Amino acid sequence: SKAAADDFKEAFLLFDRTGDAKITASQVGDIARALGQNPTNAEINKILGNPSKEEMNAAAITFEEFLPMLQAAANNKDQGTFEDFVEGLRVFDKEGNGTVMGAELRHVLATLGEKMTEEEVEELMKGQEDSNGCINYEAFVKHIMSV
Amino acid sequence: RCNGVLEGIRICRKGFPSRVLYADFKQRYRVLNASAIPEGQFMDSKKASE
């Protein structure tokens with residue numbers, strides 16, 4: 001709305017590697033996340049196809065399509081409730097203390113639903129899981145929501 | 001009607017027909033207020049559903 005945030009246009013100049021002021025359709029998922037929006041990858045996929053837009057063939061972009069797609073994704077930020085994130089992992093391990101065994105969270109984050117690479121899974125556990133093999137998800141989900 | 005079957009259903013429906021067992025209640029419906037229903041079900045198998 002501007003509140004006209006012109007820093008979204010300045011961040012589009014940091015993600016366009018050619019400097020022509022266009023951003024390919026394959027970058028739009030990760031740049032919506034870098035502007036403070038977390039649409040799921042199936043949602044980013046649907047919307048695209050919904051609009052008869054094929055992410056399979058070469059794509060370019062213009063700021064005039066990327067701005068309204070970020071504004072259509074911005075209504076879905078009401079789905080980001082931290083009660084359900086901590087209660088999900090609290091149902092994932094027994095006893096009254098928030099600890100996932102290391103390999104349980106790593107294999108679930110790579111193979112269940114939207115596949116996260118094991119390189120990204122190791123980069124998200126690095127520092128929050130110590131050598132006991134127990135990830136405290138009270139501080140883990142706190143630090144994941146700090147970015 | 002003449003059986004009593006339809007009359008047993010009647011009397012049922014006055015009472016409280018469907019009766020859910022608590023865990024059977026948690027699992028299937030936690031998702032509705034996910035945070036607050038899950039906590040309830042986990043925190044007290046019964047107190048939860050409550």
# chains A, B, ... in the order shown; residues from 1 in each chain; ligands from 1
$ select_by_dssp --residues "chain A" --states "strand (DSSP E)" --output "list in words"
residues 99, 100, 101, 134, 135 and 136 of chain A
$ interface_residues --of "chain B" --to "chain A" --cutoff "12 Å" --atoms "only C-alpha atoms" --output "mmCIF file with N, CA and C atoms, in the first residue's frame"
data_model
loop_
_atom_site.group_PDB
_atom_site.id
_atom_site.type_symbol
_atom_site.label_atom_id
_atom_site.label_comp_id
_atom_site.auth_asym_id
_atom_site.auth_seq_id
_atom_site.Cartn_x
_atom_site.Cartn_y
_atom_site.Cartn_z
ATOM 1 N N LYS B 26 -9.789 -37.112 21.182
ATOM 2 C CA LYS B 26 -8.619 -36.252 21.054
ATOM 3 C C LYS B 26 -8.128 -36.279 19.623
ATOM 4 N N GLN B 27 -7.490 -37.421 19.313
ATOM 5 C CA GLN B 27 -6.950 -37.704 18.012
ATOM 6 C C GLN B 27 -7.691 -37.113 16.819
ATOM 7 N N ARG B 30 -8.386 -32.914 17.659
ATOM 8 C CA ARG B 30 -7.350 -32.004 18.193
ATOM 9 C C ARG B 30 -7.171 -30.768 17.299
ATOM 10 N N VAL B 31 -7.045 -31.090 16.008
ATOM 11 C CA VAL B 31 -6.884 -30.193 14.888
ATOM 12 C C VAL B 31 -7.854 -29.004 14.824
ATOM 13 N N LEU B 32 -8.925 -29.044 15.575
ATOM 14 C CA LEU B 32 -9.964 -27.992 15.464
ATOM 15 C C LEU B 32 -9.555 -26.658 16.124
ATOM 16 N N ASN B 33 -8.801 -26.737 17.193
ATOM 17 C CA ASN B 33 -8.276 -25.541 17.898
ATOM 18 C C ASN B 33 -6.967 -25.977 18.456
ATOM 19 N N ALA B 34 -6.481 -26.691 17.483
ATOM 20 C CA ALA B 34 -5.274 -27.470 17.421
ATOM 21 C C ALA B 34 -4.397 -27.295 18.636
ATOM 22 N N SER B 35 -4.029 -26.063 18.887
ATOM 23 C CA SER B 35 -3.133 -25.720 20.005
ATOM 24 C C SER B 35 -3.748 -26.091 21.373
ATOM 25 N N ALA B 36 -4.947 -25.581 21.565
ATOM 26 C CA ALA B 36 -5.687 -25.664 22.838
ATOM 27 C C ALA B 36 -6.443 -26.980 23.042
ATOM 28 N N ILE B 37 -6.764 -27.658 21.965
ATOM 29 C CA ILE B 37 -7.441 -28.959 22.067
ATOM 30 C C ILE B 37 -6.364 -30.036 22.231
ATOM 31 N N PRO B 38 -5.196 -29.894 21.571
ATOM 32 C CA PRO B 38 -4.124 -30.867 21.687
ATOM 33 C C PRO B 38 -3.581 -30.874 23.087
ATOM 34 N N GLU B 39 -3.377 -29.673 23.607
ATOM 35 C CA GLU B 39 -2.846 -29.493 24.971
ATOM 36 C C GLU B 39 -3.765 -30.184 25.981
ATOM 37 N N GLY B 40 -5.049 -29.966 25.787
ATOM 38 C CA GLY B 40 -6.086 -30.529 26.662
ATOM 39 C C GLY B 40 -6.056 -32.068 26.636
ATOM 40 N N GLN B 41 -6.005 -32.616 25.435
ATOM 41 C CA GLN B 41 -6.042 -34.077 25.239
ATOM 42 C C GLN B 41 -4.785 -34.772 25.769
ATOM 43 N N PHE B 42 -3.668 -34.108 25.604
ATOM 44 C CA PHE B 42 -2.376 -34.667 26.020
ATOM 45 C C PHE B 42 -2.181 -34.533 27.528
ATOM 46 N N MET B 43 -2.616 -33.389 28.017
ATOM 47 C CA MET B 43 -2.430 -32.973 29.423
ATOM 48 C C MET B 43 -3.321 -33.751 30.388
#
$ atom_distance --atom1 "atom CA of residue A:45" --atom2 "atom CA of residue A:3"
28.2 Å
$ select_by_dssp --residues "chain A" --states "helix (DSSP H, G or I)" --output "PyMOL selection string"
chain A and resi 7-15+28-33+41-49+63-79+82-90+102-111+118-125+137-144
$ residues_around --residues "residue A:54" --least-positions-apart "3" --cutoff "12 Å" --atoms "only C-alpha atoms" --output "VMD selection string"
chain A and resid 24 to 26 44 to 51 57 to 60
$ atom_distance --atom1 "atom CA of residue B:7" --atom2 "atom CA of residue B:20"
22.8 Å
$ closest_residue --among "A:40, A:62, A:103, A:89" --to "residue A:129" --atoms "only C-alpha atoms"
A:103
$ decode --residues "stretch 6-39 of chain B" --atoms "N, CA, C and O atoms" --output "PDB file, in the first residue's frame"
ATOM      1  N   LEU B   6     -37.815 -48.178  15.602  1.00  0.00           N
ATOM      2  CA  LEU B   6     -37.929 -46.756  15.411  1.00  0.00           C
ATOM      3  C   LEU B   6     -38.242 -46.038  16.680  1.00  0.00           C
ATOM      4  O   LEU B   6     -38.066 -44.861  16.818  1.00  0.00           O
ATOM      5  N   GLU B   7     -38.723 -46.771  17.653  1.00  0.00           N
ATOM      6  CA  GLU B   7     -39.056 -46.123  18.916  1.00  0.00           C
ATOM      7  C   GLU B   7     -37.837 -46.108  19.806  1.00  0.00           C
ATOM      8  O   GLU B   7     -37.671 -45.282  20.694  1.00  0.00           O
ATOM      9  N   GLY B   8     -36.934 -47.021  19.529  1.00  0.00           N
ATOM     10  CA  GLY B   8     -35.719 -47.088  20.329  1.00  0.00           C
ATOM     11  C   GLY B   8     -34.781 -46.002  19.878  1.00  0.00           C
ATOM     12  O   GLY B   8     -33.987 -45.451  20.647  1.00  0.00           O
ATOM     13  N   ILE B   9     -34.920 -45.612  18.608  1.00  0.00           N
ATOM     14  CA  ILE B   9     -34.097 -44.606  18.043  1.00  0.00           C
ATOM     15  C   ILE B   9     -34.546 -43.277  18.587  1.00  0.00           C
ATOM     16  O   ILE B   9     -33.742 -42.434  18.977  1.00  0.00           O
ATOM     17  N   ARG B  10     -35.859 -43.129  18.670  1.00  0.00           N
ATOM     18  CA  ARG B  10     -36.505 -41.924  19.212  1.00  0.00           C
ATOM     19  C   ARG B  10     -35.998 -41.573  20.603  1.00  0.00           C
ATOM     20  O   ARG B  10     -35.465 -40.516  20.901  1.00  0.00           O
ATOM     21  N   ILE B  11     -36.222 -42.526  21.470  1.00  0.00           N
ATOM     22  CA  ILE B  11     -35.826 -42.474  22.858  1.00  0.00           C
ATOM     23  C   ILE B  11     -34.336 -42.230  22.996  1.00  0.00           C
ATOM     24  O   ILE B  11     -33.838 -41.725  24.005  1.00  0.00           O
ATOM     25  N   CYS B  12     -33.608 -42.625  21.973  1.00  0.00           N
ATOM     26  CA  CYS B  12     -32.186 -42.470  21.990  1.00  0.00           C
ATOM     27  C   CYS B  12     -31.852 -41.016  21.756  1.00  0.00           C
ATOM     28  O   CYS B  12     -31.113 -40.371  22.523  1.00  0.00           O
ATOM     29  N   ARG B  13     -32.485 -40.524  20.700  1.00  0.00           N
ATOM     30  CA  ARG B  13     -32.328 -39.174  20.248  1.00  0.00           C
ATOM     31  C   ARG B  13     -32.893 -38.129  21.180  1.00  0.00           C
ATOM     32  O   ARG B  13     -32.907 -36.943  20.869  1.00  0.00           O
ATOM     33  N   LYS B  14     -33.305 -38.532  22.356  1.00  0.00           N
ATOM     34  CA  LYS B  14     -33.877 -37.543  23.241  1.00  0.00           C
ATOM     35  C   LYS B  14     -32.850 -37.229  24.287  1.00  0.00           C
ATOM     36  O   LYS B  14     -32.719 -36.108  24.756  1.00  0.00           O
ATOM     37  N   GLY B  15     -32.138 -39.129  24.070  1.00  0.00           N
ATOM     38  CA  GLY B  15     -31.108 -38.901  25.075  1.00  0.00           C
ATOM     39  C   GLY B  15     -29.900 -38.287  24.373  1.00  0.00           C
ATOM     40  O   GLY B  15     -29.985 -37.331  23.609  1.00  0.00           O
ATOM     41  N   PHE B  16     -28.769 -38.884  24.643  1.00  0.00           N
ATOM     42  CA  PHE B  16     -27.535 -38.512  24.029  1.00  0.00           C
ATOM     43  C   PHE B  16     -26.988 -39.720  23.259  1.00  0.00           C
ATOM     44  O   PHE B  16     -26.250 -40.568  23.847  1.00  0.00           O
ATOM     45  N   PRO B  17     -27.414 -39.815  21.996  1.00  0.00           N
ATOM     46  CA  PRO B  17     -27.055 -40.917  21.128  1.00  0.00           C
ATOM     47  C   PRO B  17     -25.551 -41.214  21.101  1.00  0.00           C
ATOM     48  O   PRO B  17     -25.023 -41.960  21.917  1.00  0.00           O
ATOM     49  N   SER B  18     -24.876 -40.582  20.162  1.00  0.00           N
ATOM     50  CA  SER B  18     -23.437 -40.696  19.997  1.00  0.00           C
ATOM     51  C   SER B  18     -22.665 -40.318  21.249  1.00  0.00           C
ATOM     52  O   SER B  18     -22.818 -39.233  21.868  1.00  0.00           O
ATOM     53  N   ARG B  19     -21.773 -41.226  21.625  1.00  0.00           N
ATOM     54  CA  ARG B  19     -20.931 -41.042  22.803  1.00  0.00           C
ATOM     55  C   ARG B  19     -19.489 -41.372  22.475  1.00  0.00           C
ATOM     56  O   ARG B  19     -19.159 -42.518  22.153  1.00  0.00           O
ATOM     57  N   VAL B  20     -18.650 -40.346  22.544  1.00  0.00           N
ATOM     58  CA  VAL B  20     -17.261 -40.468  22.209  1.00  0.00           C
ATOM     59  C   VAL B  20     -16.378 -40.740  23.383  1.00  0.00           C
ATOM     60  O   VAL B  20     -16.403 -40.056  24.396  1.00  0.00           O
ATOM     61  N   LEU B  21     -15.523 -41.706  23.158  1.00  0.00           N
ATOM     62  CA  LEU B  21     -14.491 -42.033  24.117  1.00  0.00           C
ATOM     63  C   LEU B  21     -13.417 -40.970  23.899  1.00  0.00           C
ATOM     64  O   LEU B  21     -13.053 -40.569  22.793  1.00  0.00           O
ATOM     65  N   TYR B  22     -12.966 -40.497  25.012  1.00  0.00           N
ATOM     66  CA  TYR B  22     -11.982 -39.416  25.128  1.00  0.00           C
ATOM     67  C   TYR B  22     -10.730 -39.381  24.229  1.00  0.00           C
ATOM     68  O   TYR B  22     -10.481 -38.377  23.591  1.00  0.00           O
ATOM     69  N   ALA B  23      -9.946 -40.441  24.166  1.00  0.00           N
ATOM     70  CA  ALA B  23      -8.785 -40.472  23.273  1.00  0.00           C
ATOM     71  C   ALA B  23      -9.186 -40.443  21.828  1.00  0.00           C
ATOM     72  O   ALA B  23      -8.621 -39.643  21.038  1.00  0.00           O
ATOM     73  N   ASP B  24     -10.245 -41.270  21.591  1.00  0.00           N
ATOM     74  CA  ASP B  24     -10.903 -41.404  20.318  1.00  0.00           C
ATOM     75  C   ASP B  24     -11.451 -40.041  19.922  1.00  0.00           C
ATOM     76  O   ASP B  24     -11.714 -39.763  18.733  1.00  0.00           O
ATOM     77  N   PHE B  25     -11.522 -39.182  20.971  1.00  0.00           N
ATOM     78  CA  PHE B  25     -12.017 -37.827  20.800  1.00  0.00           C
ATOM     79  C   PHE B  25     -10.910 -36.839  20.538  1.00  0.00           C
ATOM     80  O   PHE B  25     -11.055 -35.843  19.799  1.00  0.00           O
ATOM     81  N   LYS B  26      -9.789 -37.112  21.182  1.00  0.00           N
ATOM     82  CA  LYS B  26      -8.619 -36.252  21.054  1.00  0.00           C
ATOM     83  C   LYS B  26      -8.128 -36.279  19.623  1.00  0.00           C
ATOM     84  O   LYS B  26      -8.338 -35.325  18.859  1.00  0.00           O
ATOM     85  N   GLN B  27      -7.490 -37.421  19.313  1.00  0.00           N
ATOM     86  CA  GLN B  27      -6.950 -37.704  18.012  1.00  0.00           C
ATOM     87  C   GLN B  27      -7.691 -37.113  16.819  1.00  0.00           C
ATOM     88  O   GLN B  27      -7.165 -36.279  16.081  1.00  0.00           O
ATOM     89  N   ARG B  28      -8.954 -37.512  16.699  1.00  0.00           N
ATOM     90  CA  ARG B  28      -9.792 -37.086  15.578  1.00  0.00           C
ATOM     91  C   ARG B  28     -10.105 -35.602  15.468  1.00  0.00           C
ATOM     92  O   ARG B  28     -10.409 -35.099  14.374  1.00  0.00           O
ATOM     93  N   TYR B  29     -10.079 -34.914  16.623  1.00  0.00           N
ATOM     94  CA  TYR B  29     -10.488 -33.512  16.599  1.00  0.00           C
ATOM     95  C   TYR B  29      -9.524 -32.465  17.122  1.00  0.00           C
ATOM     96  O   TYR B  29      -9.876 -31.260  17.061  1.00  0.00           O
ATOM     97  N   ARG B  30      -8.386 -32.914  17.659  1.00  0.00           N
ATOM     98  CA  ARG B  30      -7.350 -32.004  18.193  1.00  0.00           C
ATOM     99  C   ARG B  30      -7.171 -30.768  17.299  1.00  0.00           C
ATOM    100  O   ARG B  30      -7.218 -29.623  17.721  1.00  0.00           O
ATOM    101  N   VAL B  31      -7.045 -31.090  16.008  1.00  0.00           N
ATOM    102  CA  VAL B  31      -6.884 -30.193  14.888  1.00  0.00           C
ATOM    103  C   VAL B  31      -7.854 -29.004  14.824  1.00  0.00           C
ATOM    104  O   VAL B  31      -7.628 -28.036  14.086  1.00  0.00           O
ATOM    105  N   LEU B  32      -8.925 -29.044  15.575  1.00  0.00           N
ATOM    106  CA  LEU B  32      -9.964 -27.992  15.464  1.00  0.00           C
ATOM    107  C   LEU B  32      -9.555 -26.658  16.124  1.00  0.00           C
ATOM    108  O   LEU B  32      -9.948 -25.576  15.678  1.00  0.00           O
ATOM    109  N   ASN B  33      -8.801 -26.737  17.193  1.00  0.00           N
ATOM    110  CA  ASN B  33      -8.276 -25.541  17.898  1.00  0.00           C
ATOM    111  C   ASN B  33      -6.967 -25.977  18.456  1.00  0.00           C
ATOM    112  O   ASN B  33      -6.635 -25.622  19.615  1.00  0.00           O
ATOM    113  N   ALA B  34      -6.481 -26.691  17.483  1.00  0.00           N
ATOM    114  CA  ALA B  34      -5.274 -27.470  17.421  1.00  0.00           C
ATOM    115  C   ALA B  34      -4.397 -27.295  18.636  1.00  0.00           C
ATOM    116  O   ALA B  34      -4.069 -28.277  19.311  1.00  0.00           O
ATOM    117  N   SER B  35      -4.029 -26.063  18.887  1.00  0.00           N
ATOM    118  CA  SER B  35      -3.133 -25.720  20.005  1.00  0.00           C
ATOM    119  C   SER B  35      -3.748 -26.091  21.373  1.00  0.00           C
ATOM    120  O   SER B  35      -3.129 -26.810  22.183  1.00  0.00           O
ATOM    121  N   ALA B  36      -4.947 -25.581  21.565  1.00  0.00           N
ATOM    122  CA  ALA B  36      -5.687 -25.664  22.838  1.00  0.00           C
ATOM    123  C   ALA B  36      -6.443 -26.980  23.042  1.00  0.00           C
ATOM    124  O   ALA B  36      -6.763 -27.354  24.182  1.00  0.00           O
ATOM    125  N   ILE B  37      -6.764 -27.658  21.965  1.00  0.00           N
ATOM    126  CA  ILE B  37      -7.441 -28.959  22.067  1.00  0.00           C
ATOM    127  C   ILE B  37      -6.364 -30.036  22.231  1.00  0.00           C
ATOM    128  O   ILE B  37      -6.540 -31.018  22.970  1.00  0.00           O
ATOM    129  N   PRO B  38      -5.196 -29.894  21.571  1.00  0.00           N
ATOM    130  CA  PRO B  38      -4.124 -30.867  21.687  1.00  0.00           C
ATOM    131  C   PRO B  38      -3.581 -30.874  23.087  1.00  0.00           C
ATOM    132  O   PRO B  38      -3.344 -31.973  23.665  1.00  0.00           O
ATOM    133  N   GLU B  39      -3.377 -29.673  23.607  1.00  0.00           N
ATOM    134  CA  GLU B  39      -2.846 -29.493  24.971  1.00  0.00           C
ATOM    135  C   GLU B  39      -3.765 -30.184  25.981  1.00  0.00           C
ATOM    136  O   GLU B  39      -3.309 -30.886  26.894  1.00  0.00           O
TER     137      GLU B  39
END
